[PDB]
Structure formats: structure tokens, C-alpha cells
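Residues per chain are reported as follows:
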Amino acid sequence: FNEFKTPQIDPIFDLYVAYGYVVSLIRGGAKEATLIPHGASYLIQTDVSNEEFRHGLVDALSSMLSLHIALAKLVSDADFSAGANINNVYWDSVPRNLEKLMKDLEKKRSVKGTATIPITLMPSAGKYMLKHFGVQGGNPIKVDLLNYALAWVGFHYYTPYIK
RNA sequence: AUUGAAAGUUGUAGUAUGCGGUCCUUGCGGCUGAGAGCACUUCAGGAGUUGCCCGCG
């Protein structure tokens, strides 16, 4: 069993990533899988290796980008583009991140950077953070590119939202 | 003196204004508590009895 571990950041963001795990898995197969919750970790047990996981994830994000291009720096009225991205700059930021994740992904190459998580995928985050007696410039909270993209896929494929 | 320390989810706001439970209406007309009827029939205030007794204008 893969029993792939899931990073502990936020039981809302952690839910999104560990729960888009399954949608990335189903498109590549990975039968007889289960999701054990640990309060916030949300570990997953599966008999899958990494390559089928990656093929499923890239298939999901390929459908995602195909849906994105259907409407239009391209801004589409999609859940992951403008339906849930409350910020105007994220309307363009998210699709570019998704396509960069793809371009890194079909060539069998792991990611090498990190990206800022909007408040949409986790309301616990934000712009600032109180360190001792004040805040930091910019956004202290950042997440891995693959986790960010896969949490976006999980949010777009499962969780309902109304505008 | 606890990642706690400072902090109104705050101030102002009428469901309010005019709107008939209203106009017409017999508890109405006819009706014998009436006809027959002995307080009637028998009946003694009744039976006894010295104004009594004496008398010179």
C-alpha cells in the first residue's frame, strides 16, 4: 500500500489536498483505496504507485485547463478561475500556476518552487501574520506547487459553492 | 502575567397613514279554564216561682 502521507498545514487546506488525492487517483485507477481521517491529517491508503497518480493528476488538470480555455491573460468564469477567486489578480494567477504544474508534469519532472495560497482554499490564511509585535511584509504562508494544484482540483471537482 | 497584551459589530430608524360589520325586518294572525250544583235535612232556652213579709199624721 502506498499509504501516501499528507502535509499538515490547515484542516481545511489539508482536507482539500488529501481529498483531491482521490480524484487524482480515480482517473488513473487505484482501486480498493480508503481515506482515514486524523482530525486534520486526513491520511490516505492506496495500492497505487507514483506514476499512475501523476497520470491521473495530469488528466484531471488537463480537463481543468480544457474547461478554462473554453471561456476568456485569459480570465474565464470558472470555479477555479473567477467563480471562487475573490481577488482579480488570482483570476489570471491560478490558471498560470495550473499550466506551469502541467508543463513540469508531463516531462516527468518534479516541482522546484512554492506559491502563495489564496484565502479561497483556506480561510485560515491571509496576507499578514502576527509574529511578536507586528506583521510581515508580503504573505508569510506559502505551499508547494503540486499540493496547491491538487487541492485546487479537489475543490473544483467536489466542493459545492454558490455565488 | 499564558502569541497573550490594546479593542462596542458601533452609532441614527413609528409598519405607518385614511377604513360604519353597514343598509330593510310585527314573534305576526285565530282561541269561552266553560257547561251541571239546596249548607241542605231534625230542633221549646226549657222546666220550678207571693215584692217576700210588721204599719193610728
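Calculation criteria
Residues numbered from 1 in each chain as written, not as in the entry; some residues may be left out. Chains lettered and ligands numbered in written order. Part of a larger assembly, values for the part shown. Heavy atoms only, no water. Residues with missing side-chain atoms left out of burial classes, pairs and counts. Near = heavy atom within 4 Å. Polar contact = N/O pair within 3.5 Å; in protein donor to acceptor, adjacent residues only side chain to side chain. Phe/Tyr/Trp six-rings, centres within 6.5 Å; stacked < 30°, edge-to-face > 60°. Buried < 20%, exposed > 50% of the residue type's maximum accessible area, 1.4 Å probe, protein only. Helix = DSSP H or I, 4+ residues; strand = E, 2+ residues; numbered from the N terminus. Expected span 1.5 Å × (residues − 1). Contact = heavy atoms within 4.5 Å. Patch = residues over 30% accessible without salt bridge, like charges linked within 9 Å, V, L, I, M, F, W, Y side chains within 5 Å. Areas by Shrake-Rupley, 256 points an atom, 1.4 Å probe, with all protein chains shown as cover. Salt bridge = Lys/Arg side-chain N within 4 Å of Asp/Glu carboxyl O. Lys, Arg positive; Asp, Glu negative; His and termini not counted. Charge placed at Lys NZ, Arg CZ, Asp CG, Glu CD.

Structure determination for this PDB entry is given in the record as cryo-EM, at a resolution of 3.3 Å.

The name the PDB entry assigns to chain A is Cas8, from the organism Pyrococcus furiosus DSM 3638.

Undergrad: Any chance you could explain the protein's contact with RNA strand B here in plain terms?
TA: RNA strand B sits among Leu130, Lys131 and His132. The sugar and phosphate moieties of RNA strand B supply 0% of its atoms located within 4 Å of the protein. One of the backbone N or O atoms of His132 is found 2.8 Å from a base oxygen in RNA strand B.

Undergrad: Where do I start with the packing of aromatic side chains in this structure?
TA: The relation between two aromatic rings is expressed through the spacing of the ring centres and the mutual angle of the planes. Counting across every chain of the model gives eight aromatic pairs. Judged by centre distance (5.7 Å) and plane angle (65°), the ring pair of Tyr16 and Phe155 falls under edge-to-face. Accessibility expressed as a relative area gives 5% for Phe155, which makes it buried. A centroid spacing of 6.3 Å and a plane angle of 50° characterise the contact between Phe155 and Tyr161, whose relative ring orientation is tilted. Aromatic rings pair up to connect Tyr16, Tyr148, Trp152, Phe155 and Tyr161 into one cluster.

Undergrad: For this particular structure, what's the right way to read helix α4 (residues 88-106)?
TA: Every α-helix carries 3.6 residues per turn, so stepping three or four residues along brings you back to the same face. Across its 19 residues, α4 extends 29 Å between first and last C-alpha, which sits within 8% of the 27 Å expected from 1.5 Å per residue. Structurally, α4 contributes buried residues whose contacts are with α2 (50-69), α3 (79-83) and α5 (145-157). Just beyond α4, the residue with positive phi is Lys108, at close to 60°.

Undergrad: What is the right way to look at the side chain of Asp104 in this model?
TA: Inspection of the secondary structure assignment puts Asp104 in helix α4. For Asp104, a relative accessible area of 16% puts it in the buried group. Non-local contacts of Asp104, meaning those with residues more than four positions away in its chain, are made with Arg54, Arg109 and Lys112.

Undergrad: Please clarify how a negative patch on the surface should be interpreted in this entry.
TA: A contiguous patch of negative charge, built from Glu32, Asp47, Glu51 and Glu52, is present on the exposed surface. With respect to the helices and strands, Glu32 occurs in the loop between α1 (13-26) and β1 (34-36).

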